[PDB]
Amino acid sequence: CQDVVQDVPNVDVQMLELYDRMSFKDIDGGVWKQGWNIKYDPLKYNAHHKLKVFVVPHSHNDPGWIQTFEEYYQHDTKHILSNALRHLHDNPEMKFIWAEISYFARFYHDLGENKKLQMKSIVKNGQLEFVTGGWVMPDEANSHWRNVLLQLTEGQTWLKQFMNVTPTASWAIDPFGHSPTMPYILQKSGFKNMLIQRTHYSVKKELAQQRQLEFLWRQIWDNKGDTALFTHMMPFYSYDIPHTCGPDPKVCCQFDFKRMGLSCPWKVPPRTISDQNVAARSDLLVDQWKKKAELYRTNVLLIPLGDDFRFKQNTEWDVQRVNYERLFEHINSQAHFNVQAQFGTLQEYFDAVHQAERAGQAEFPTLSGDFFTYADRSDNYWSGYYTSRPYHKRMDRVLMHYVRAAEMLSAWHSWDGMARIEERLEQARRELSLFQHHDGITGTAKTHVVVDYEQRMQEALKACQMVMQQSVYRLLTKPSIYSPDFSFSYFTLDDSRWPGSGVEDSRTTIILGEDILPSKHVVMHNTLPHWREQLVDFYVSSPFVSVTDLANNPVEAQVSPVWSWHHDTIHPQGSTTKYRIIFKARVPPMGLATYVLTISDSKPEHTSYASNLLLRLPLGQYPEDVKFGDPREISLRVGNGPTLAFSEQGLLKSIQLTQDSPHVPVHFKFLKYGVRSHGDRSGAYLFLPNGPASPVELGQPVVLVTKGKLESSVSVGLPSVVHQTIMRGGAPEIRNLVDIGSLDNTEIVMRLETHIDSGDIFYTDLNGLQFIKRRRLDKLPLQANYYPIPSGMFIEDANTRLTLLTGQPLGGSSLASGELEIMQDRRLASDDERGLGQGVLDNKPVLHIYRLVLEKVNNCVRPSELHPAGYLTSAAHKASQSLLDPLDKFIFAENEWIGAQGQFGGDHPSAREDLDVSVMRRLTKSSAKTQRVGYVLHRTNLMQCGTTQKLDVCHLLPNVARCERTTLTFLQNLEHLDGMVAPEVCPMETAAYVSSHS
Ligand SMILES: [Zn+2]
């Protein structure tokens with residue numbers, strides 16, 4: 001294994017380093033507004049050194065944006081794919097690339113066998129080429145790497161199954177900035193090349209000037225270069241035809257033949273190509289191509305030809321094909337051009353580029369880093385969509401976990417097709433895959449489309465719950481008794497965090513009575529491959545409840561009241577009819593644990609009761625009366641864990657890690673950003689703040705303090721936010737119920753203030769996979785120092801680190817030494833002129849979840865001050881795991897459960913803490929005679945600060961007949977393991993394995 005901590009990779013372009021030494025001047029470059037007047041030596045070209053031009057037709061299809069998936073399918077996409085099948089069949093020389101397999105599967109399954117075979121013929125002979133072959137073209141900022149791999153797998157599994165093709169070239173023309181997570185996953189999924197477009201105009205100029213627009217993109221920690229993937233960055237402002245022929249859009253627009261009810265903004269229309277004008281038209285176009293070609297190191301030129309939902313009308317196919325063919329015929333026949341031009345595919349471009357490389361014609365630079373935050377012009381930084389529609393951003397992480405749990409729980413067995421496990425899991429995977437779209441999770445779609453995504457994800461959650469509860473009943477019911485009704489609800493799921501009782505009062509109360517129903521079985525699932533102890537809670541009808549395991553061993557518990565917050569002043573009310581029972585569940589690796597909740601007369605031996613302090617109320621049978629008092633400071637400690645001090649407004653002010661350590665200042669504060677009155681308006685995409693954020697007036701808010709042996713919390717009702725700090729004996733958990741209400745042109749930010757001597761350095765993660773060093777640049781505007789916070793952010797000095805872990809992707813920064821900040825929600829009256837044609841006025845209450853880890857790092861082995869990566873501690877990693885993959889809770893639905901067992905997976909290996917089974921998925925239905933199960937293993941890298949059994953997934957299921965290391969999609973064998981043991985994986989590596997069973 002490589003050391004990813006001590007050694008810094010040597011790369012030609014390191015983006016943090018490049019950023020430091022770039023000026024980012026927005027100079028008028030001429031016809032190429034953000035570049036320069038490109039010049040080439042015409043004697044560069046001759047009969048032995050021709051320019052080879054591939055013109056690659058394409059159609060950018062959004063699976064939701066202005067219209068829903070189905071609306072676009074019926075209005076646009078089904079016509080584009082009908083016409084592609086017809087025109088390509090009829091015209092053997094015509095080419096077309098297709099990215100979105102969600103639309104292609106929708107279309108293909110509706111074809112007659114004749115058309116299906118015709119479709120197969122144009123794929124087989126390379127006329128229609130799939131690029132990436134993901135379900136969608138995903139967002140790269142907010143997306144979790146697990147969901148990027150899921151949507152890739154869903155698209156490529158469809159292509160392999162129905163078209164017997166696996167793309168090895170990626171096409172990502174529209175995501176709003178680019179992540180090195182994409183090459184990481186692509187290169188471990190068999191890919192050889194990828195293409196990107198939306199990178200900062202100053203980065204385009206800078207790389208273009210050095211012909212570094214093609215590069216071997218490696219991971220920021222990769223010393224060896226084994227992660228390297230060949231990347232083509234397109235050089236200009238758009239993927240549209242005016243911005244793809246060459247540097248001058250006024251010329252390129254004349255070669256978009258559909259613009260004869262569309263026109264050219266530069267007011268020179270395209271002209272039909274004739275024998276009268278082909279010599280002149282060809283001279284104009286080839287001059288553009290030769291300028292584009294000066295930006296690249298080979299004599300092979302990519303000329304994309306398309307735009308949004310193009311190639312819809314058969315006459316657009318005619319007018320583009322016939323005019324380009326007249327140009328190609330003229331140019332190829334005229335030796336003075338020294339060009340060979342033709343319709344081509346993306347793979348054809350890359351193949352030719354690598355042929356040129358192998359022949360010594362070019363050697364390509366190496367690059368590490370990311371391409372956030374994107375600006376398409378001036379100060380228009382796209383950091384807005386890191387936060388837009390945060391409700392659905394949170395929903396993404398919930399559904400991610402439920403799909404993982406449902407696939408893992410159901411994987412243990414083969415299921416009868418009558419159970420419809422495969423149908424439910426396929427629905428769940430596709431709704432979540434669809435939401436990865438760059439107008440889904442981004443929050444950049446119209447309100448009615450956001451509603452479609454929400455309803456799709458809600459059906460997906462329901463599908464996962466049905467699979468999970470059937471699976472748990474099977475895993476924990478004696479095989480001699482197990483006799484399932486596949487339509488029956490054996491368990492209901494209990495989720496304290498989604499949507500959140502403050503968002504929807506939906507959690508079921510377990511109603512117990514010595515009369516009516518004395519006891520209830522509950523079951524916890526642990527998707528992680530190690531023993532886990534976590535506090536769990538349930539709603540109960542009485543406070544006099546005792547916890548046992550199934551062996552009747554008592555379990556210490558705490559009962560708290562059920563609190564909710566109300567307006568008219570924001571104040572808490574307490575239930576008289578339901579209570580929280582809280583206890584520590586101990587659950588095996590990838591396993592289940594059964595407990596029993598039992599009512600009594602009065603206070604049981606092993607259940608404690610929390611005190612309640614209301615600073616500024618009956619609780620039925622709750623045996624401790626609520627104490628009252630004036631606003632004042634408070635200090636709480638749970639177990640041996642940290643001591644937290646709170647202001648008289650119920651906001652953290654300091655953390656003491658240990659009894660004999662200092663009171664470290666850590667202040668939470670809420671602030672607000674506004675919208676510019678004059679010039680560019682913030683919208684779904686753009687963050688254009690009218691200066692630094694302003695404190696929110698908190699007034700005299702009501703602070704609720706609940707104190708118990710197992711769990712304590714401070715809650716305050718602030719304007720727009722019910723803020724809560726929960727303590728369970730480690731890093732505290734922060735919950736914000738965010739209701740931005742009617743606060744038009746407002747962004748609400750949560751800031752932490754410390755004396756940590758961070759300076760201009762902070763760390764943010766990419767797709768929950770890796771932490772990247774950021775440097776705050778005063779030469780860039782505020783919105784440019786905003787980065788994606790998909791799962792966490794941290795600041796540190798020589799001695800101290802503060803890490804904030806998130807349960808949802810949000811936008812954030814460190815805008816000053818010792819600060820972190822993270823946006824909670826945004827309400828924007830104005831459109832930001834990127835085509836959505838509305839503001840963001842559909843806000844709804846969302847419960848945001850966080851863990852806050854203050855740590856001493858002076859005895860941690862940290863990377864060199866030159867390393868572009870950071871790494872979490874054990875504590876911060878486990879805290880992230882708590883948020884993303886908590887224990888699942890199941891309440892047995894019926895009065896009695898015959899055959900009930902107490903534990904599943906007691907014999908499962910407890911793997912090293914830095915190892916995860918990201919995916920466990922059964923690949924075969926019951927009717928297959930060799931059953932197959934896919935595993936994705938990810939090993940992170942944790943900082944060694946000076947403090948388990950081997951996991952072989954090949955042997956997790958019995959009767960293993962063989963085991964293959966595969967691509968992450970499971971679609972190709974990479975290494976036969978004669979041994980049928982999976983070798984363990986290196987730090988920051990991800991490997992896939994498929995086990996076969998007889
Ligand atoms: Zn798009």
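Easy rule for this one: first residue shown is 1, then count along the chain.
Keep in mind that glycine also has a Cβ here, set from the backbone N, Cα and C atoms.
In sequence order, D62, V136, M137, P138, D139, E140, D174, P175, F176, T444 constitute the residues six or more apart from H438 (Zn(2+) binding site) in its chain with CB-CB distances below 8 Å. DSSP assigns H438 (Zn(2+) binding site) to coil in the three-state reduction, placing it in neither a helix nor a strand. Feature annotation from Swiss-Prot assigns Zn(2+) binding site to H60, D62, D174, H438; the stated evidence is similarity to another entry.
Its Cβ placed at the centre, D174 (Zn(2+) binding site) has 19 other Cβ atoms within 10 Å. Annotation source Swiss-Prot lists active site, nucleophile at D174, citing similarity to another entry.
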CB contacts under 8 angstroms to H60 (Zn(2+) binding site), restricted to the same chain and 6+ apart in sequence, sorted by sequence, are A99, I173, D174, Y239, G306, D307, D308, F309, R310
Simplified DSSP label at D174 (Zn(2+) binding site) comes out coil
Same-chain shell around Zn(2+) excluding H60, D62, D174, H438, C-beta within 8 angstroms of the CB centroid, reads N61, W65, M137, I173, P175, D308, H437, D439
Answer in whole Å: the Cα atoms of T947 and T948, separated in sequence by 4 unmodelled residues, lie apart by 13
One would quote the Cα-Cα distance in Å spanning the 4-residue unmodelled segment from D568 to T569, in whole numbers, as 6
